[PDB]
Structure formats: structure tokens, C-alpha cells
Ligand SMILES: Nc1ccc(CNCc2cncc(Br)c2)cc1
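The chain below stands alone, shown as C-alpha cells; this is the form deposited without this ligand.
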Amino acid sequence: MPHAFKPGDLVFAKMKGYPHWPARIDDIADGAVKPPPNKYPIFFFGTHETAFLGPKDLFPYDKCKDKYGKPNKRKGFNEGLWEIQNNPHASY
């Protein structure tokens, strides 16, 4: 059975106006800004932007990569596809 999301989990994350995007649940560094309640810091591969999202917008990477893990014209998407497959836990 599924668990709650945790830092390091790999997802496709959905934001309005954007395709489902390769991302991870980030950790929160000591002294860094915390997200609102029931939100997670989502690091977007390729663009390297962070947003605060709830689970409604988070799709598991392994289960959903066949649907969402295809090249896309948006800037940074294909770099992000490379990152999530080849070094998703690196420092960016």
C-alpha cells in the first residue's frame, strides 16, 4: 500500500498551464523557508524552480513515466527528463 510522500520521492508534478513535469520532493534545508501546511517543496527538473504543491498535483514517477515521460517542447522539459532518469538526487 502507498505511503505518504517523503523527500527524495520522484514525481511528475502538475501546475496550471504546464504539462506534467519531472520533479522530486525536496528536503527542507536547516534554516530554509518551510512550505505551508500539507504542502511539499517540489523541485522541478530542468528548470530547477521550486513550488509548494499538495499531493493532488503529484504523480508517481515510476507508475506514470510511460504517459508523461516523453519529450516536450517547453523550455527545460527535456533537460528535466534527463535529470530525473540519470541523476534525480543530485545537487542542482
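For every residue, the number given is its place in the sequence shown, counted from 1.
Not pictured, yet referred to below: the form deposited with this ligand bound.
Taking the partner from elsewhere, no residue among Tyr68, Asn78 and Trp82 has a non-hydrogen atom within 4.5 angstroms of this ligand in the deposited complex. The closest non-hydrogen atom of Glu49 lies within 4.5 Å of this ligand in the deposited complex.
Remark: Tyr40 does not count among the residues lining this ligand in the deposited complex, judged by a heavy atom distance of 4.5 Å or less.
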